[PDB]
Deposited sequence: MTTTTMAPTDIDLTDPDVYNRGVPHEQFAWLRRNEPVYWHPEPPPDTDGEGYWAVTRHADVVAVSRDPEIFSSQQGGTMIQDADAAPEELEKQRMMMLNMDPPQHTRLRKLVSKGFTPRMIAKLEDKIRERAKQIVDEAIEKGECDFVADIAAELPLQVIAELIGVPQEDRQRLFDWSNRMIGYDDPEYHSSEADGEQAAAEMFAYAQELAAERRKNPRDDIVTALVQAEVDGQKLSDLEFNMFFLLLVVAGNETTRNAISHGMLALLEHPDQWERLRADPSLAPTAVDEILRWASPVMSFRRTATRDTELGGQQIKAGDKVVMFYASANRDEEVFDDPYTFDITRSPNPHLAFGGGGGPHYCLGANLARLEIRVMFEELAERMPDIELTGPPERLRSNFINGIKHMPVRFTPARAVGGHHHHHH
């Protein structure tokens, strides 16, 4: 087709450009886009290869955002204490410090409380009748859960939601008002997080803030900025990913009504349904790396300093991996999708167990309760070159 600029948010205004991805996978799977420029990596195996080699494909050298913020090097330095933008050994140490609360056994203990919240959220949405599926359901469950898990009082959860909207929504006019919105949001959140850390140091609780201030690995503890940036990461990741998998998942189930019928008849399909909802929605569309040295990928020569972009949404339609990839099949198995990153990468989603649980519980509850969910208008996409997000989705229940 054309040589679309896949770092341009407007390219995604009418949905994920899956035909361009499909053409690239078949014809130019490792493709240099000129513009200085970037390599588009669109095949499943190549995204896996890039992800599992941080020595060659660095997250630190040029950060992980896909658009050229090169001549503003102050924004790279403002984000370099983000765990996402660290290479080993720095990243290894930080990941060990923060990982304890997200092991499967730690996440498994949350299922009953998550289920209680999802049941109440769905109940209140059903009584409301007409509502926004995002604000009242898809956003509300992960927001309540992430507040309770972190240790933020439920009364303050709306501040968490507004902050993270301002931090990721820098390309959407509704979510942000000026170029310093996210920086100011970060300053406010850092002040809030430090208050919480101070309280839990004096008086520990069973929450993630207490786990973080108490954590100690190899004689190391979290510094103030390390704590602040992980607190931020948890809040934003918790509020800007799961809700989009839920929104796009509900949309796909309504757009493929036979699949929704079968989930409501057999709720034991929910685990595989979650993975197909993640493959389908690919809420995190892409992440960037930078080649630390000359190297070859898919028979293509990548130089030191070259920007390399992994497109997870393209990999999640790779015909070599998924049979009939444009079919939404909630029983698809196996389903080695890359929605959480390439398998084998050191940055593979720390919250993957929590995300799956939240999505599974929510759609179970939406299924067990069997209201007739129906769209009353077109969903409004988030303007972004990074998130595949739904801002609003008006629906009617029963």
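What the model leaves out of the deposited chain are the segments 1 to 7, 43 to 49, 413 to 425.
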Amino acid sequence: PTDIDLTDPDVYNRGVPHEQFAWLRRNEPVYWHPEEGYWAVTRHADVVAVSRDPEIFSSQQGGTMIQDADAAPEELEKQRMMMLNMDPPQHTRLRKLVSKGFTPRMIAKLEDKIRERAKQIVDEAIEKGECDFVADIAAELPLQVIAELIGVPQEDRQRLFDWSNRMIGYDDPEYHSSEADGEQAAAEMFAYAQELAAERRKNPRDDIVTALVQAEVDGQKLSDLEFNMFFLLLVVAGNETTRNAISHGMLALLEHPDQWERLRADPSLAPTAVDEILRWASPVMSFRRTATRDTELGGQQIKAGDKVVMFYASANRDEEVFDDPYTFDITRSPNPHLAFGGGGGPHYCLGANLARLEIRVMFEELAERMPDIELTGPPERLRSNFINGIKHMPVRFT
From here on, numbers count along this sequence of modelled residues.
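Comparing 68 to 76 with 122 to 130, the higher mean C-alpha B-factor in the PDB entry belongs to 68 to 76. As listed in the deposited structure, the average C-alpha B-factor of 94 to 102 and of 207 to 215 is greater for 94 to 102. Going by the entry's values, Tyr38 shows the largest Cα B-factor out of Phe340, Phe363, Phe57, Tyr38. Reading the B-factor column for the CA atoms of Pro267, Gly151, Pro142, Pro257 in the entry, the top value corresponds to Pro267. Among the modelled residues of the chain, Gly344 sits in the highest third by CA temperature factor in this PDB entry.
The PDB entry assigns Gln61 a C-alpha temperature factor belonging to the highest third of its chain's modelled residues. Ranked within its chain, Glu276 lands in the lowest third, by CA B factor from the PDB record. When the modelled residues of the chain are ordered by C-alpha B-factor, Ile330 sits in the lowest third. Compared with the other modelled residues of the chain, the Cα B-factor recorded for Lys221 ranks in the lowest third.
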